[PDB]
Amino acid sequence: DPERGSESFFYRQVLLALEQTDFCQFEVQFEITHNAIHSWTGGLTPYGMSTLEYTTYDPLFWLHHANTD
Amino acid sequence: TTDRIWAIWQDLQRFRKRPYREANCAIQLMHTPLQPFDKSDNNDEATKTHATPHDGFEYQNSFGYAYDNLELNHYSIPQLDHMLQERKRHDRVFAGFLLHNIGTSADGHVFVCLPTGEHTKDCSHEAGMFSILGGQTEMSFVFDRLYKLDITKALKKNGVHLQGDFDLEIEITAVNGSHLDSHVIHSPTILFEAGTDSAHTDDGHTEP
């Protein structure tokens with residue numbers, strides 16, 4: 001939900017990551033943000049993205065990682 | 001600022017998708033011209049055209065004055081809407097006041113006293129207060145509807161439920177500090193407001 005409209009959590013979380021000069025500082029923010037998509041998509045279901053084991057199986061996984069990359 | 005808030009309400013209204021510049025209440029009054037704006041004493045031509053309150057709604061382009069931001073307490077309009085809903089979540093009990101404001105301005109204080117002491121708090125004496133602005137000059141006016149104030153927090157604090165028998169005590173004081181006879185003023189009513197989900201009854205049976 002946007003206040004600004006651009007002001008979204010994904011946007012904000014990533015934005016913070018982008019601000020960081022240091023690679024390491026960037027990575028942590030970046031990785032955590034990354035995780036959000038897995039959780040929301042997979043949700044409760046056992047077979048989906050929410051699980052470390054299963055996530056690779058969903059084809060969405062690649063689209064997401066492509067974005068993350 | 002007050003005008004800005006009115007504008008704020010107006011924009012919120014559109015969010016609700018209610019018509020922004022439409023009032024379907026007090027139709028008679030809206031059309032009426034608003035003096036002295038009507039008269040020649042008022043040089044301002046724009047205001048004279050603007051005299052009917054109906055036209056007043058669209059400040060924009062009519063008046064040609066805008067506000068830098070329309071937000072309340074740094075809350076976006078959509079933010080306010082969400083905020084409003086949350087308030088709606090809990091049941092609420094209100095006290096209604098029939099304001100036949102007459103005379104000079106006065107402040108009124110009221111709280112709901114409970115019939116027992118003991119364990120239970122004594123009269124909180126602070127339901128809330130509202131003031132009314134007025135003067136001898138003012139033309140008589142009476143509100144068409146009640147003025148609602150949300151008692152709920154205080155009542156819960158005292159631990160009373162809506163059902164609990166309680167009295168409301170009101171004190172009216174003039175700016176002067178002279179006490180005003182409360183007897184003339186009608187007693188306030190207590191309204192209980194709930195959302196769609198209402199409670200089912202213990203006694204009796206609603207469903208067939």
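Residues numbered from 1 in each chain as written, not as in the entry; some residues may be left out. Chains lettered and ligands numbered in written order. Part of a larger assembly, values for the part shown. Heavy atoms only, no water.

- As summarised from the PDB record, the model derives from cryo-EM at a stated resolution of 9.00 Å.

**Side note on the sheet that holds strand β2 (residues 106-113) of chain B**
Residue and element names in this part refer to chain B.
1) Next: Here we have three strands laid out as an open sheet, ordered β3-β2-β5, and antiparallel in their pairing. Bordering the open sheet on either side are β3 (128-132) and β5 (167-174), each of which pairs with just one other strand. Across the sheet, the mean angle from the axis of one strand to that of its neighbour is 20°, orientation sign disregarded.
2) Next: Here β2 pairs with β3 via five bridges, running antiparallel. Within the sheet, the bridge partner assigned to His 109 lies in β3 and is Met 129. (Pairing = 2+ DSSP bridges. Helix = DSSP H or I, 4+ residues; strand = E, 2+ residues; numbered from the N terminus. Axes fitted to C-alpha atoms, helices over the stretch in contact; angles between N-to-C directions.)

**A word on the UniProt feature "disulfide bond" in chain B**
All names here are of chain B.
1) Next: Measuring sulfur to sulfur gives 1.7 Å for the UniProt disulfide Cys 113/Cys 123, short enough to count as a bond. Note that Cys 113 is positioned in strand β2 and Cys 123 in the loop between β2 and β3, a separation of ten residues in sequence. Take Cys 113 and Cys 123: they sit in the same class, and that class is buried. (Disulfide = S-S within 2.5 Å. UniProt positions renumbered as here; feature names shortened; annotations may be inferred. Buried < 20%, exposed > 50% of the residue type's maximum accessible area, 1.4 Å probe, protein only.)

**Quick notes on the packing of helix α1 (residues 9-19) of chain A against helix α2 (residues 23-42) of chain A**
All names here are of chain A.
1) Next: Running from N to C, α1 and α2 point in directions that differ by 160°, and their axes come no closer than 7 Å. Relative to α2, the element α1 lies roughly antiparallel. Crossing of α1 against α2: the hand is left-handed. Facing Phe 10, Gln 13, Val 14, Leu 16, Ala 17 and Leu 18 of α1, the residues of α2 in contact are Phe 26, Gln 29, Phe 30, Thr 33, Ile 37 and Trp 40.
2) Next: Tallied by class, the residues present in the contact of α1 with α2 amount to nine nonpolar, three polar and no charged. (Parallel < 35°, antiparallel > 145°, perpendicular 65-115°, else oblique. Left-handed = near helix turned anticlockwise from the far one by under 90°. Contact = heavy atoms within 4.5 Å. Nonpolar A, V, L, I, M, F, W, Y, C, P; charged D, E, K, R; others polar.)

**Concerning the packing of aromatic side chains**
1) Next: Summed over the entire model, instances satisfying the criterion amount to eleven aromatic pairs over all chains.
2) Next: Relative to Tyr 57 of chain A, the ring of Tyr 54 of chain A lies with its centre 6.5 Å away and its plane at 45°, an arrangement referred to as tilted.
3) Next: Take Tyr 57 of chain A: its relative accessible area is 59%, and that puts it in the exposed class.
4) Next: Between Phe 97 of chain B and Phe 130 of chain B, the ring centres sit 5.0 Å apart and the planes meet at 50°, which makes this aromatic pair tilted. Here the residue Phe 97 of chain B occupies a position in strand β1 (residues 92-97), and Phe 130 of chain B occupies one in strand β3, the gap between them amounting to 33 residues. (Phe/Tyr/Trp six-rings, centres within 6.5 Å; stacked < 30°, edge-to-face > 60°.)

**Points about the layout of surface pockets**
Using a probe with the size of a water molecule, rolled over the atoms, empty space left in the structure can be pinpointed.
Residues and elements named next belong to chain B.
1) Next: Its volume calculated, the largest pocket comes out at about 1,000 Å³.
2) Next: Elements represented by at least two residues in the lining of the largest pocket include exactly α1 (2-16), α2 (27-31), α3 (45-49) and α4 (53-56).
3) Next: It is α1 that contributes the most residues to the lining of the largest pocket, five residues altogether.
4) Next: Of the residues in the lining of the largest pocket, the class split is 20 nonpolar, eight polar and six charged. (1 Å grid on protein atoms, 1.4 Å probe; cavity = no way out; pocket = protein on both sides within 12 Å on 5 of 7 lines; lining within 4 Å. Points joined across faces, edges and corners; volume = space filled by probe spheres on them.)

**A short note on empty space enclosed by the protein**
Residue and element names in this part refer to chain B.
1) Next: One pass over the structure, following the stated rule, counts one cavity of 30 Å³ or more.
2) Next: In this structure, the largest cavity spans a volume of roughly 90 Å³.
3) Next: For the lining of the largest cavity, the element with the most residues is β3, which contributes three residues.
4) Next: When the residues that make up the lining of the largest cavity are grouped by side-chain class, the tally is eleven nonpolar, one polar and no charged.

**Let's talk about the nonpolar core**
Residues and elements named next belong to chain B.
1) Next: Core analysis: the biggest nonpolar cluster contains 14 residues, and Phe 97, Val 112, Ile 151 and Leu 155 have the highest contact counts within it.
2) Next: Within the residue set of this core, elements represented by two or more residues are β1, β2 and α6 (152-158).
3) Next: With near-sequence residues (within four places) excluded, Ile 151 lies in contact with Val 93, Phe 94, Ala 95 and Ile 190. (Core = buried A, V, L, I, M, F, W, Y, C linked by side-chain atoms within 4.5 Å.)

**Notes on a nonpolar patch on the surface**
1) Next: A contiguous nonpolar surface patch, about 400 Å² in accessible area, is contributed by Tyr 47, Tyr 54 and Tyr 57 of chain A.
2) Next: Position of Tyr 54 of chain A relative to the elements: it lies in the loop between α2 and α3 (60-68). (Patch = residues over 30% accessible without salt bridge, like charges linked within 9 Å, V, L, I, M, F, W, Y side chains within 5 Å. Areas by Shrake-Rupley, 256 points an atom, 1.4 Å probe, with all protein chains shown as cover. Salt bridge = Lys/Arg side-chain N within 4 Å of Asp/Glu carboxyl O.)

**As for the pairing of β2 of chain B**
All names here are of chain B.
1) Next: Taken across its eight residues, β2 has six buried, putting it largely inside the fold.
2) Next: Here eight bridges tie β2 to β5, and the two strands are oriented antiparallel to one another. Its bridge partner being in β5, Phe 111 is matched across the sheet by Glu 169.

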